[PDB]
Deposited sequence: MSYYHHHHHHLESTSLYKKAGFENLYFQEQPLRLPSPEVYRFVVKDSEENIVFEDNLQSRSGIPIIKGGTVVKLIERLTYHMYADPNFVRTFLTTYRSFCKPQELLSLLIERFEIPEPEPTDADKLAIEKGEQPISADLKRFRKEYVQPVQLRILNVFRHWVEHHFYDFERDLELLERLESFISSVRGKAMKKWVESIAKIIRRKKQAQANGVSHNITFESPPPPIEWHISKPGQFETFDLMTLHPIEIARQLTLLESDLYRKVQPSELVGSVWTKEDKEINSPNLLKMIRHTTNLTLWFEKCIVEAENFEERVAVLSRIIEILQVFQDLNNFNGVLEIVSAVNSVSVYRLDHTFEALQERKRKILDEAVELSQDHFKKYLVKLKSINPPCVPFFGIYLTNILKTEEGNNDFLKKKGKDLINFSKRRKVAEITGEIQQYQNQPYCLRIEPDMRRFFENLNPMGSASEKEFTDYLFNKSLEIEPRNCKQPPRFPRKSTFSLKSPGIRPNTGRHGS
């Protein structure tokens, strides 16, 4: 700062890549730790494990996003390469002193070992620790990766790192090995279907309160299991999506299936009074979703009534009681103007909640599309790290809602029912979409002044038990 100190004496870049001189051709920063904009993967690794200071924000963001520019096996190889630092060639005077015997090592070599080698090696062990702690799925998905890591840390010498090595081992041990209520949850609610009778379960025979509760528990669990890296690089939309984004895909597919199931229930209710009762029941379920701050569920139902097969059923909507219509329309309004009213509601509510997941997916897709993976250079193009940082900012928002358990008891049969929903049957999504629309045209034909009469299908009461608990 106010005086330049003597430089460290480093090995040559020909024997150790990471000490190649910084330039705009291999590392770039944004405009007290400098913020990395991009670099070669070698320079990114160097800064990930920099000798001058720790960089926890970079370590976290790097480990969340690196799979978009570097393979897991490749990262391990780079970190091992970083670790195995060669010492500079002894100078002629150094060689004299060594041969003379019982002389201290050179001042330059002492500085190098203390100020460069030991800090870098400890930073590498720190990265390993965060990697297995927060991203152990990399090692679950790739057995050779874990075996390589374990083999490497067994090879490390010196008491200075045994604490670190054993700490990494301990985390790996705990990972390899792998409900209470503070206050009593409310009693499970039952309507026509009774405990154990899972063969009779259906939208109108289950209790609307309990449908909403069990779906909220399910959706909360799905949401909680999504890892940020499943979103980075839009990997859930690419070739290896089933391996890279399993929890995200489960969540998306649940939402698709549940929305289609609500639509199916409505349009397959050919009897007019029955159909009005089905839509009314779905609005009651929406109310309880709302009460539970499950906005994922609220917007699944909004999506269902916006669908082209349902939205066109004007006679059905007109027959809704005014209070339920108002409730439905206030929810639909949450989504209007790019989810403006939803977004203000999200920022105000208290946990537990289940956020609408769609808005994160949309924003991530835009960000991935709207930023280049590389910074263009005359030589090798640089990895655009600032792009990854922007994505990680979005995934960080998802995480803030993932540790909020509901005070609701699971109903195992109802849970299985909702996990196993298959509205499409054997149909393709396209086939099923056409099926819904043609059924819609059948039950309320174009330009029909009154919906034709279809016979009632079930014999049970259409009367709802309501959404007040007992």
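- Taking the first deposited residue as 1, the stretches without any C-alpha atom are 1-24, 56-61, 209-216, 509-514.
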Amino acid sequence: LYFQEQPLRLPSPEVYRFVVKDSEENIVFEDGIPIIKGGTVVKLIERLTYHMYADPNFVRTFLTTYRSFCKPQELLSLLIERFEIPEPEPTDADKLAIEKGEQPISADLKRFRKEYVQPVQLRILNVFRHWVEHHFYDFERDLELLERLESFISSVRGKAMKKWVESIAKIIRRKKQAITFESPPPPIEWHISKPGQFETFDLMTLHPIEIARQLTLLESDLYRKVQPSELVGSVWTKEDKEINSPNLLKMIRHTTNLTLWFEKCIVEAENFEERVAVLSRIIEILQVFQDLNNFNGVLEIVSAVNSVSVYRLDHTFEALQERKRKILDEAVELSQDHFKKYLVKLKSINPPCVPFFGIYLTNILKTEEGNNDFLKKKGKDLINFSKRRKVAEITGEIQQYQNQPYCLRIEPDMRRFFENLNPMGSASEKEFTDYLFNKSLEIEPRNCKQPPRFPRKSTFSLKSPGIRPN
From here on, numbers count along this sequence of modelled residues.
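- For the cut-off of one third of the other compared entries, residue 388 stays well clear, since all of them model it along with its flanks.
- Per the records, residue 377 is among the residues left out by at least a third of the other compared entries, whereas the shown structure includes it.
- Of the two segments examined, 402-410 and 428-436, it is 402-410 that shows the higher average Cα temperature factor in the deposited entry.
- In this entry, 147-155 shows the higher mean Cα temperature factor of the pair 147-155 and 250-258.
- Among 91, 307, 395, 205, the highest C-alpha B-factor in the deposited entry belongs to 91.
- Highest C-alpha temperature factor among 281, 315, 174, 275, as the PDB entry reports it: 174.
- When the CA B factors of the chain's modelled residues are split into thirds, the value for residue 462 lands in the highest one.
- Ranked by C-alpha B-factor against the other modelled residues of its chain, residue 448 falls in the highest third.
- Looking at the C-alpha B-factors along this chain, the one for residue 213 belongs to the lowest third.
- The PDB entry assigns residue 31 a C-alpha temperature factor belonging to the highest third of its chain's modelled residues.
- Ranked within its chain, residue 297 lands in the lowest third, by CA B factor from the PDB record.
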